[PDB]
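S.K.: Here it is, the structure in full.
Only the coordinates and a few stated rules stand behind these numbers; no lab work does. When we count neighbours, we look across all protein chains shown, and the Cβ atoms used for this are built from the backbone with ideal geometry, even at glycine.
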Ligand SMILES: [Zn+2]
Ligand SMILES: [Zn+2]
């Protein structure tokens with residue numbers, strides 16, 4: 001690992017601390033009274049694909 | 001953005017009906033209740049870019065301490081302009097320039 | 001030698017101008033563990049330090065053996081290379097708290113800029 005850069009980078013990634021807040025960009029709260037469907041149109045396709 | 005009560009000017013907190021399954025903005029100081037238009041109750045930006053270009057005034061061309069360039073205006077193609085960096089002053093802030101024309105007074109970049 | 005020193009300082013200032021343009025067009029490489037502003041400041045400071053060292057080295061190579069400052073520096077009794085550089089070629093960059101002169105006014109160092 002000391003003479004190889006890729007394995008060293010793998011070890012570095014495995015050591016460094018990473019929280020959810022680091023990768024998160026924005027969080028939102030929405031009102032949706034239908035458990036099996038949704039009001040948002042952008043995500044409607046993906047969630048209906050999941051449920052089906 | 002949050003709305004205010006139309007009768008006693010207090011804040012309209014969101015409320016949910018168990019029987020009707022609707023989102024309603026209701027004032028806790030009275031019985032007033034108005035139907036909500038959007039379900040976006042709350043939004044938090046961990047990384048934000050607001051205030052970077054929001055610090056702009058319409059009289060910034062009268063400041064004598066600002067540098068003057070000859071960059072081309074995208075709208076009226078003037079030959080004089082005034083530039084400055086980002087008004088946000090965090091440690092992560094970029095060093096990109098904002099140019100202001102002396103005729104249309106709009107803010108535009110160089111990219 | 002004065003022509004050579006002036007050429008070195010002018011070339012360094014042109015290099016600093018190029019670094020400024022690159023940082024103002026998002027074309028600057030970020031040193032790991034440091035922000036864009038910190039990397040830009042460090043790179044400009046390194047360029048200016050190299051400029052002063054090059055000008056001083058030119059000035060110190062110019063000196064004859066009969067030069068008295070050279071004789072004192074070579075004896076090791078008083079003075080060093082930086083003294084010759086600052087006396088003859090260039091004083092260099094002034095650092096306050098390990099950084100260049102800050103913007104004590106509103107976004108400038110003096111009301112003459
Ligand atoms: Zn009310
Ligand atoms: Zn214009």
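S.K.: What residue, of B:66, B:46, B:23, is within 14 Å of chain A (Cβ to nearest Cβ), loosely packed, with under 15 Cβ neighbours inside 10 Å and either within 14 Å of ligand 2 (Cβ to nearest atom) or farther than 22 Å from residue C:22 by Cβ (or both)?
M.R.: After ruling out the rest, the residue left standing is B:46.
S.K.: Could you tell me how many of the residues in the stretch B:91-108 are within 14 Å of ligand 2 (Cβ to nearest atom) and either more than 22 Å from the chain's Cα centre (by Cα) or within 14 Å of another protein chain (Cβ to nearest Cβ) (or both)?
M.R.: 4
S.K.: Which residue is nearest to residue A:29 (Cα to Cα), if the candidates are limited to the stretch B:26-43 and must be touching a residue at least 12 places away in the same chain (Cβ under 8 Å) and at the interface with chain A (Cβ under 7 Å from one of its Cβ atoms)?
M.R.: B:41
S.K.: Next question, about the same structure. In this structure, is residue B:88 away from every other protein chain (no Cβ under 11 Å) and closer than 30 Å to residue C:33 by Cβ?
M.R.: yes
S.K.: Also, quick follow-up: Among the residues of the stretch A:35-49, are any assigned to a helix (DSSP H, G or I) and within 14 Å of chain B (Cβ to nearest Cβ)?
M.R.: Yes, the stretch A:35-49 has at least one match.
S.K.: I'd like to know if the stretch B:36-53 contains one or more residues that are within 16 Å of ligand 1 (Cβ to nearest atom) and closer than 30 Å to residue B:11 by Cα.
M.R.: yes
S.K.: Right, another one. For residues in the stretch A:14-34 being more than 14 Å from every other protein chain (Cβ to nearest Cβ) and more than 15 Å from the chain's Cα centre (by Cα), which is nearest to residue B:47 (Cα to Cα)?
M.R.: Among them, the one singled out is A:17.
S.K.: Keeping to the stretch B:1-20, report how many residues are farther than 24 Å from residue A:34 by Cβ and within 14 Å of chain A (Cβ to nearest Cβ).
M.R.: 1
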